[PDB]
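Atoms considered below: every heavy atom in the structure, side chains included; atoms not considered: hydrogens, waters and symmetry mates. Every chain is numbered from 1, with letters handed out A, B, ... down the list of sequences. Start at 1 and go down the list; that is how both ligands and their atoms are numbered.
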Amino acid sequence: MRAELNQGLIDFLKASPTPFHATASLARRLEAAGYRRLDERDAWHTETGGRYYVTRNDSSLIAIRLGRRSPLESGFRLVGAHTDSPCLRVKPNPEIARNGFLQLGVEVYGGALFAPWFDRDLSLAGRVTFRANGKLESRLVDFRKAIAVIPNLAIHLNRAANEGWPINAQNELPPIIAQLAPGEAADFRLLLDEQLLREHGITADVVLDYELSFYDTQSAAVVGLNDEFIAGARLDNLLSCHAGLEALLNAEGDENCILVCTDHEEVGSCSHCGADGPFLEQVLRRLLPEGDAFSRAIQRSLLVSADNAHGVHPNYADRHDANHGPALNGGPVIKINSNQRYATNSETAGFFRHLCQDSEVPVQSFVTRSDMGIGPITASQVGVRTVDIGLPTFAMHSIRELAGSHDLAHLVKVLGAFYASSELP
Amino acid sequence: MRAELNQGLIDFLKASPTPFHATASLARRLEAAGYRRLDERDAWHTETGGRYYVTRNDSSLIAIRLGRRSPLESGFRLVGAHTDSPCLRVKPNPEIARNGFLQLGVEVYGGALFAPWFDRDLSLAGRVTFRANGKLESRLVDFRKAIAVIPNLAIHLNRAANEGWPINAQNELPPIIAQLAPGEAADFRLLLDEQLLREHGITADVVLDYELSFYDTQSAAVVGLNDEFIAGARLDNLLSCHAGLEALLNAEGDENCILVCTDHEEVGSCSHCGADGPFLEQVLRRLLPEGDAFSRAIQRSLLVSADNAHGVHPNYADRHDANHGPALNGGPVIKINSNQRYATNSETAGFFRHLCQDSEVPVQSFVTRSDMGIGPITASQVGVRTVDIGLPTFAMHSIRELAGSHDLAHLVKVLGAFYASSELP
Amino acid sequence: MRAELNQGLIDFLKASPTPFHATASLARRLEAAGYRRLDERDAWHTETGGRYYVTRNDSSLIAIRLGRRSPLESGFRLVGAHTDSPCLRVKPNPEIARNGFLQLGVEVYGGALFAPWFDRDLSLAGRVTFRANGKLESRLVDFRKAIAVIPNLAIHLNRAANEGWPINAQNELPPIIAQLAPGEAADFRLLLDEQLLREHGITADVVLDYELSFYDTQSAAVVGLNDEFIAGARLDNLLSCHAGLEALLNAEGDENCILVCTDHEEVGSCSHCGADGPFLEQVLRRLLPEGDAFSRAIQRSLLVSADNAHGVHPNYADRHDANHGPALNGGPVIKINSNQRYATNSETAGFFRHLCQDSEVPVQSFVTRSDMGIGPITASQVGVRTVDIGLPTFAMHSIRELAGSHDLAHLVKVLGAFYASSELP
Ligand SMILES: [Zn+2]
Ligand SMILES: [Zn+2]
Ligand SMILES: [Zn+2]
Ligand SMILES: [Zn+2]
Ligand SMILES: [Zn+2]
Ligand SMILES: [Zn+2]
């Protein structure tokens, strides 16, 4: 059922307010399915038929199904996605006290659209690092309830509001979380300490640092007269993580299947744990002999880089090429850009397109208007052929994005077919 | 003879309208010379004196001559160039039907100069991926004849034409290829199917995707009162591919010689097969033992990165530094930029400059005016010392560029000397 | 069929790089067909059925075919065209010596589109006036070989090239023709002396002055998927000179036919040499008695003023009126402009429109958009009724223009019908 898949997506989104939580949610499903967690510090002893996963920074995840045939001779079938989404992150000395409020200073992470973050019931989640019994450790928190808001200024006090103004992030985006009594101090670290106790039963000696993201408490939901759509934060790109996961868990065949979901894509993938890092490469090498084996394996592999595409928006149709306007619910989009903003080529495109035909999934094509500006990055790190595809969406980088409610099922089906395909060379 | 070299260049350019064709043309000369093609999927068994080449994506080529002394102890002598040039590529849903014409929608690939593409007799070539007997495959096509034109608008309907306007690529660059009868449909994929039959005797079940570049049907030619010049598309950087090839095929000595010609340079080299990919590195490692051997070899190696330079243009001389204006026919230019836009340093510069002196080839120096903005990329991928050099040219990224007709011979001679040089450390 | 007419057009364009050469090429054809050259200094003795031509400045030509009925009683059937085209012409003290090159200073003749002149393999042709054996004389030269180039500046040194800039003709248009040795003197007049020896076996005492045009060495060619098009320099207006000639030479009937091809149309006419000089009037008067004859004859005459029109361009279709967008290969266009930018009227239009219908040639209508800005000149000299017609083309005043490959035949057919037409309005 599309309906079961879509509900599964809504659940996953709800459990995944930050890249740490997305990674943990992926890990829980994998383990329930029998996948064994490996640690990058240990020597591994994997084998044919094994089901494994590994993480790095608790925010990037690689899932591995080793097939019957070795990667050396049959290659890997890889699906790539990303765990991060543009949002607001709490600063390290964040307490702002003004006009009787307590606010938290925020950085903008990734290319967020600012306006939609206003007038939303926000909570806060992510990683907290602390010392307990002279031991340094980390946990995830999620306050869950709506503790914050970034309100708009009344139109009465900003009469040209609808003219547009340059929203200044330093000044306009700090959320209000509380009011302070006369002479009441404010200690955010103390609030985190309370949350650690409440959520984990832990008392910290001291809260040191954290990576906390504001997020919307409004769950994702089906929308539309005929339930055509799905609305929710983080569709870019938890939509693809979830699809890629369902495809891996249900895939037939006995190929070598990889699900790589990396952090830091919204920011250029350049970290210890991003796609422009050697995470993927160092995991794959561990599944092969030394020498030429990795190079040979990779030239028999294909990466399907799954990241949301732009549907043609009816109130802004002129932002698309008239020949390449994807329809929501018209299936996955093959993304082409010969300037290598996407890595797709005629062979990767052709293979995917054929795969969609054999699976009876509709498929679409996108290029940008020629007067407008992980695929290329991972191709360039490990050298693997890549097709960039995505489900068509609107309002990418909003706090609440829109996709087609038929498209997840289309994508799970074709990814399932990819992962089961014994042929690529 | 300069004359034979220049004719060889004109032939090579004609056979090489796309990076796929350039790669194929290089491969045909190599094979005629006894070089054996290796496939990156196979285990290799190479040996001293062997002559090999390999390709990736059918658009990047590495040619290898293994010397008598091992690369571990004598290093590699590498010449780098690139197979791609700025141009117009057909979009994936390209048919535009308007005012009785059929046009093809185009992306701009690389930093093309738009104006010169107008009012030229264009053909179309590149890779087509298709299914024939339930098998997926690729071929090259080249329509050869002049089937397309991007006409200017009459000056009468654009009286300030000579004032300059911003040429909009989405709207102004689609070429006209035909006129359509009343109610005649247009299927580009069908035209490709016919071309596959005509050119290869193949009937496709279905044409899926393609990477097709428009190109100029006017051959390259000697020009000038005393035949001082050569004019042609793709001098950047088929000029260097060709030179590098002739130098490899004729080189004396018994050093380890590499010719690396990569795709996607005009776009940042960031692909499976570009210089910012691991193609080169993974090939070189296959020629050495495991362990420290590759690192040691590379620190005994030198990359001569050959890509066209800017001659000082007499109608725009103030775009050069007055002290660093290279003359066409004044020999190769050593390109310096301490901000690492070029990787040359005093040692790589000095070695090259000396090499030119011992070969009796004139040599020049270029830096940019200090108020203006593969070498650095490959140095940074494999860690190899690099000198960036180029033959001086005009009108780079036009459809028709200009070089000096004495300079190819100068460059072949010095590259020959580099490839035969037994000393670098 | 008339692949014949098109090949003849290509040959004529190739032999006619300047107005002087176009006039010579017209004359050689007319003589081959039996037409006798008269000289304007002599008294003429012409007669019924006579075939004559005359020139002025060696750059304007009038061909005369006298019918059986006198002009007085049956009028003249005139077709008008022009021998000149916008181009670049050598200055009288042209040598520019800079950064080791020799360039030639140029004037812009007519309303040339500058950009397309760049990055083209140019030769040089025209009239040289010199002294030999103490006497003054003129010959035409054509170097033929591609001796010159006006290169673009690299996009790397002009990074907003595609945004447009105002091309300065004084600075950016001088062609490079050579490189000079240190201390080597440049003498253009000496180069002309050598060309005179080489091409005519003449040695000059002194080369005095010249009128030389740069031109493109790439021949005109058929282009397009189904050979729909013809591309070439000088379609405006050698396309009409050629059509008129063919019609005159093949026309049936008995009428007095005139072909008038004048120089200097692209600059307003207004030389000794036409069309609002008195060349045409002074030749026509000499075919009639004194008195009221000329005036009477001219009121029974019609001038078909043939000069290229603008087809509707699909990448710039808003530059036409939506009701008046001529199609290439749609036949001759009747040009209408109430402000007398064209002299067409309801009677001259209707007659031409009827002629097309009876010849089974398709015919089109053009007016400009009412918000945007030769026939009128010659009607206003002489007083003759005039229909302004033209074949539809693109990119007019480029170095390489485009016409329909069917339209020349269409035009020759109707001009032949015009010339054989015994009555007019
Ligand atoms: Zn994304
Ligand atoms: Zn994103
Ligand atoms: Zn280059
Ligand atoms: Zn380039
Ligand atoms: Zn004209
Ligand atoms: Zn004109």
Side-chain angles (χ1 to χ4, degrees), chain A residues 19 22 80-87 108-113 233-241 261-269 274-275 305-310 335 341-342 374-375 377 388 390-391 393-399 401 403, chain B residues 152 154-157 159 161, chain C residues 19 22 79-87 108-113 233-244 260-269 274-275 305-310 333 335 341-342 366 373-378 388-399 401 403 411:
Chain A
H82 68 92
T83 60
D84 56 318
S85 295
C87 65
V108 174
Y109 170 77
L113 278 173
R234 306 186 294 287
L235 299 184
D236 173 13
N237 192 31
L238 303 187
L239 181 47
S240 295
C241 297
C261 299
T262 41
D263 201 350
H264 297 134
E265 184 277 346
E266 295 290 2
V267 114
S269 293
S305 183
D307 201 353
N308 295 355
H310 304 296
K335 291 151 93 174
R341 206 260 183 254
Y342 313 126
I374 65 87
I377 288 161
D388 270 283
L391 298 183
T393 56
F394 297 142
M396 206 174 291
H397 293 189
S398 174
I399 209 181
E401 291 164 338
Chain B
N152 268 303
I155 193 169
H156 312 72
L157 296 174
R159 295 263 187 208
Chain C
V79 174
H82 65 90
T83 55
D84 56 321
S85 295
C87 66
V108 175
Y109 172 81
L113 279 177
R234 298 179 304 282
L235 302 188
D236 173 22
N237 195 31
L238 297 187
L239 183 48
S240 303
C241 293
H242 180 82
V260 202
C261 296
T262 40
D263 198 350
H264 298 135
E265 183 277 342
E266 294 291 8
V267 294
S269 307
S305 183
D307 199 352
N308 298 351
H310 306 297
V333 180
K335 297 147 94 175
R341 147 97 201 185
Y342 313 125
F366 176 86
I374 97 195
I377 288 168
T378 304
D388 262 285
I389 69 106
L391 296 188
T393 62
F394 293 147
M396 200 175 298
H397 289 190
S398 177
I399 206 185
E401 300 170 329
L411 182 54

Heteroatom N/O/S of C/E266 within less than 2.8 Å of the Zn ion (ligand 5): no
For side chain to side chain contact (heavy atoms under 4.5 Å, CB included), just list the numbers for A/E265 and A/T83, CA-CA rounded to whole Å, side-chain angles, deciding distance to a tenth of an Å, and then say yes or no. CA-CA 8 Å; A/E265 184 277 346; A/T83 60; over 6 Å; no
So which heavy atom on C/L113 is nearest to which on B/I155, and how close? CD2-CB, 3.6 Å
Taking both backbone and side-chain atoms into account, decide whether C/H397 has an N/O/S atom under 2.8 Å from the Zn ion (ligand 6). yes
To check your reading of the site, what angle at the Zn ion (ligand 5) do NE2 of C/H82 and OD2 of C/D307 form, to 10°? 90°
Can you label the angle between the B/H156 ring and the C/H310 ring as parallel, tilted or perpendicular, going by 30° and 60°? tilted
Donor-acceptor side-chain pairing of A/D307 and A/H82 below 3.5 angstrom: yes
Any idea which N/O/S atom from C/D236 gets closest to the Zn ion (ligand 5)? OD1
